[PDB]
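One chain follows as structure tokens, the form deposited in one PDB entry.
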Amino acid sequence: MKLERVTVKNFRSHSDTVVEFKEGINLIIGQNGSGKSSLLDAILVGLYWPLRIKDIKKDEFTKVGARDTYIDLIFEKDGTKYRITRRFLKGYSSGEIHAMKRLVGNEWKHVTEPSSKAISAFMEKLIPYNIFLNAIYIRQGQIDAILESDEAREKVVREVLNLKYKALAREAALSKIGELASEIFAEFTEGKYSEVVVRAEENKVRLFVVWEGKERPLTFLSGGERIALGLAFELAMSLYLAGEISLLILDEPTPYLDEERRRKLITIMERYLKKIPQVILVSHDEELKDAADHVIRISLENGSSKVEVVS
């Protein structure tokens, strides 16, 4: 999967924004409240509307002072270019239109009936929503979501790997993710933790950290460490699936991280994020600029986001 273009009109702080995304690490940098997460959440809305996420509401996200919201996304999947266009009219919903086209030769052609339901039906077959929310797009505040429970983790894993012996394949997959996560987390914590153990056990995927030679529960970690671990696991997952999904969208990776950890993050960008064909990384941390392949600066001007292509 590859994101080419996002166009947003009257979505939260964005009055009129166009962002071109490219291969490699695409860093979107800007201060608190400038419009970074609004762009990512516009991508989510663009792909999967109707959503049932409590903090994203049609009547809230229309930019104050405007009536019409417009989201347009161009992306590639499995060699085919796709375009989804959504127009929202606040307070109303019948006069609003949703279309999904594909590039067939030169002409763009509707892939289905231009309706939320049919598009959702197609999108779920193209890229399942759970894979997007759990494996592709890590929303702000959700870095540690994968540390939540053995069951939820089993659910995401099972969904992510899809369909001798299924169990052997599962063990091998989890083993590889565990290897990768261990390498990353050990780099992140300077050998404080020598392994991240990801283990299948009944309808559950256990997750432990090794400290002084023994497996420990996740409560063992400090807050910053849980951030590091979440990053490590999601990166391991993205790398394991690098050939299949090839995209990682990560909002603010720096919460609770001290100075050294923030420096290690750069090393991790350099060593690992560069192995994922496309990454969209959002942060207020300027230190992250040098390790990125493409930098987009966002700021708030007179009530509206302004986007500036740096590189």
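The first residue of the shown sequence is 1; numbering continues from there. Between two forms, the rigid core is defined as the largest C-alpha subset superposing within 1.5 Å.
Not pictured, yet referred to below: the form deposited in another entry.
Student: Could you check which of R87, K77, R158, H110 shows a C-alpha shift of 2 Å or more between the shown form and the other one after a rigid core superposition?
Tutor: Everything else stays below 2 Å; the exception is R158.
Student: Does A135 show a Cα shift reaching 2 Å between the shown form and the other one after rigid-core superposition?
Tutor: Moves: no, less than 2 Å.
Student: Kindly check if the Cα atom of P50 is displaced 2 angstroms or more between the shown form and the other one relative to the superposed rigid core.
Tutor: It does not reach a 2 Å shift.
Student: If the two forms are fitted on the core, does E148 show a Cα displacement reaching 2 angstroms between the shown form and the other one?
Tutor: Comparing forms between the shown form and the other one, the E148 CA shifts at least 2 Å.
Student: In that other deposited form, do the Cα atoms of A242 and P50 sit closer or farther apart than here, given a shift of 3 Å or more?
Tutor: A242 and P50 sit closer together in that other deposited form.
Student: Check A242 against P128 at the C-alpha atoms and report closer or farther in that other deposited form, compared with the shown form; the change is 3 Å or more.
Tutor: The answer is closer, because the C-alphas of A242 and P128 approach each other in that other deposited form by 3 Å or more.
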